[PDB]
Amino acid sequence: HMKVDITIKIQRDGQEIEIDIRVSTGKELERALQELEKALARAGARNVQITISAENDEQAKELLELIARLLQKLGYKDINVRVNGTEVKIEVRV
């Protein structure tokens, strides 16, 4: 996979739900991101840590704003970022 891990921790009412989509290709990041938008809205995910394990600093910039474009479309108030070098964790709390 090189260094591209799309890691979704949903913290729910009494349960954590973790799913990782780690890939080196092109376009499967976008196809998974469209069904993940639909899955967060269909389940009702109130506290979500999306951690994107990214390859470089310019990739980490537009992956940071792709996660903000995703979570501002759903409607999340408490958008808490920490970047570990390139690894972008965004914690969103309803």
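Neighbour counts run over all protein chains shown; Cβ positions are idealised from the backbone, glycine included. Please treat every number below as a calculation from the coordinates, not as lab data.
With respect to the conditions (1) part of a helix (DSSP H, G or I); (2) surrounded by 16 or more Cβ atoms within 10 Å (Cβ to Cβ), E30 lacks only one, and its number is (2). Of everything listed in (1) among the basic types (K, R); (2) within 20 Å of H1 (Cβ to Cβ); (3) in contact with a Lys or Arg (Cβ under 9 Å, 6 or more places away or on another chain); (4) without any contact (Cβ under 8 Å) to a residue 12 or more places away in the chain, the single unmet condition for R31 is (3).
Every listed requirement among (1) exposed (fewer than 15 other Cβ atoms within 10 Å of the Cβ); (2) in contact with a helix residue (DSSP H, G or I) (Cβ under 8 Å, 6 or more places away or on another chain); (3) outside any helix (DSSP H, G or I) is met by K73 save one, (3). Suppose we filter region 44-68 for residues that are under 17 Å from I8 (Cβ atoms) and loosely packed, with under 12 Cβ neighbours inside 10 Å; how many remain? Total satisfying the criteria: 1.
Table: residues versus (1) closer than 17 Å to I19 by Cβ; (2) in contact with a strand residue (DSSP E or B) (Cβ under 9 Å, 6 or more places away or on another chain).
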| position | (1), (2) |
| --- | --- |
| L33 | yes, yes |
| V48 | yes, yes |
| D57 | no, no |
| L66 | no, yes |
| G75 | no, no |
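Within region 36-46, being within 15 Å of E16 (Cβ to Cβ) and within 11 Å of the chain's Cα centre (by Cα) holds for one residue alone: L40. Only residues that are outside any loop (DSSP other than H, G, I, E, B) and closer than 20 Å to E58 by Cβ were counted in region 1-21, giving 2. A Cβ distance below 7 Å, combined with a sequence gap of six or more or placement on separate chains, defines the contacts here; from region 14-26, residues that are within 22 Å of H1 (Cα to Cα) and in contact (Cβ under 8 Å) with a residue 24 or more places away in the chain reach no residue that is exposed (fewer than 10 other Cβ atoms within 10 Å of the Cβ) and among the hydrophobic types (A, V, I, L, M, F, W, C).
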